[PDB]
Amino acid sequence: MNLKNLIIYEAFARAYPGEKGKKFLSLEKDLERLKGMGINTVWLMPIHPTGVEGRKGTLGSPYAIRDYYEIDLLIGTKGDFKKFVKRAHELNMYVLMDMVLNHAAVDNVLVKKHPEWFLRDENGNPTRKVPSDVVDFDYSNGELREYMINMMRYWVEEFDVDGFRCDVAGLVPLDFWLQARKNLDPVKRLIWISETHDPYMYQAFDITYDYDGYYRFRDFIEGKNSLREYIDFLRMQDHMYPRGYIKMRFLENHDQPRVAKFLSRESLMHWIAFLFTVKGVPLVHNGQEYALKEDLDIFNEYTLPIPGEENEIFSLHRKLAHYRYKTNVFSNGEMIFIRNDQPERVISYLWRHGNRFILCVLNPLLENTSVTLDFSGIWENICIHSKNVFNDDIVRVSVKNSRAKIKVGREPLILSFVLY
């Protein structure tokens, strides 16, 4: 389909509110909240039973998988999950399962049956490359490769899941992933997502994400570096990748600290506005819609405070996601970045489609600054009357020299308008 229509929620099911054994039941009820917030895709962290020998914390990391064919019953049964994605589909939503196939848990059921499928040490036992709940797969193995594609197929054919986020790090070859697509595309056209900045991966994946942008972004907040490192990087990113590529934007995920730790409420909103209006595909990581600065505990017993009071961060999230969900500007238009007077303070970019425009002007520093923007390739002389999507204000911008002087502060400008 048009994968630019996806707005994604990363959900940690085991950590959801509710009782043990009943976590899918809970997430099923939560779909209506997610749907009404503008989510169309929920991305499940691994839901498999966890390694026992080697286990960090009382429960173990979800990324240390003891059985690729089973679900952690401290989350739910297969019935619970199968009910959960049927609900999702009824609600016109998509479900993605996390596929960590580059390493298994030390006591994963495969380490017994097939030691040969793993990288082995000098004396023939399965091992890892990096110095420990986890052991690395040997993907020179033709039988391993067929096992994995069939396990991905089962989950598809049995629970009708919609896509996969794959861990691609380490010794997994691009040909393996292409092999998966050759066998699984005819089964169902799935949403294929990975974490990578390797341009070749788009041969196998539709959407990727990486931390290139993210740390340039982190550095600007933490005062460590310039906004321009962040923006000029995004500005040139089209040139790092083939034509139809999609990048997934995010302010945090499971692997990163809570974004609300680093910004004020008012600054964060500028970055929320950015999240939902910038080219790409937005990620809401469970809890960020409540501006949670509580870290995900990922190995021990943990429940995230989901609901969650409906604060100004929650309302904005819903407002922007629902807006994107209902317009076709971001799914079909073109975004271009706009050079401005104050590149150390402000972000600015324009969408066109082709009468509909959205000029976004962001000011995460919040301080009142007048910024001028360059509209050379278009336009030189007009007065624009727009509605600022962010707060339903009215904003007029006059361009009278191919340029336009704008006052900003505290509130992001998401200036939606139409010429003709």
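When you see a residue number, it is the position in the sequence shown, counting from 1.
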Per the entry, how many residues of the deposited chain go unmodelled between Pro131 and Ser132: none, 1 to 3, 4 to 9, or 10 or more?
1 to 3
Given 116-124 and 255-263, the range whose Cα B-factors average higher in the PDB entry:
116-124
The stretch carrying the higher mean Cα B factor in the deposited entry, 16-24 or 401-409, is 401-409
Per the deposited B-factor column, the C-alpha that peaks among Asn340, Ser315, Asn92, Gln288 belongs to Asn340
By the CA temperature factor listed in this entry, which of these ranks top: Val42, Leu366, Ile47, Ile358?
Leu366
Taking the values exactly as deposited, rank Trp351 by C-alpha B-factor within its chain and report the matching third: lowest, middle or highest.
middle
Hey, what third does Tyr325 fall into on Cα B-factor, ranked over its chain?
highest
Looking at the C-alpha B-factor of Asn388, is it in the lowest, middle or highest third of its chain?
lowest
Lowest, middle or highest third: which one holds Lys86 when the chain's residues are ordered by CA B-factor from the entry?
highest
Of the three thirds of the chain ranked by Cα temperature factor, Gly51 occupies the middle
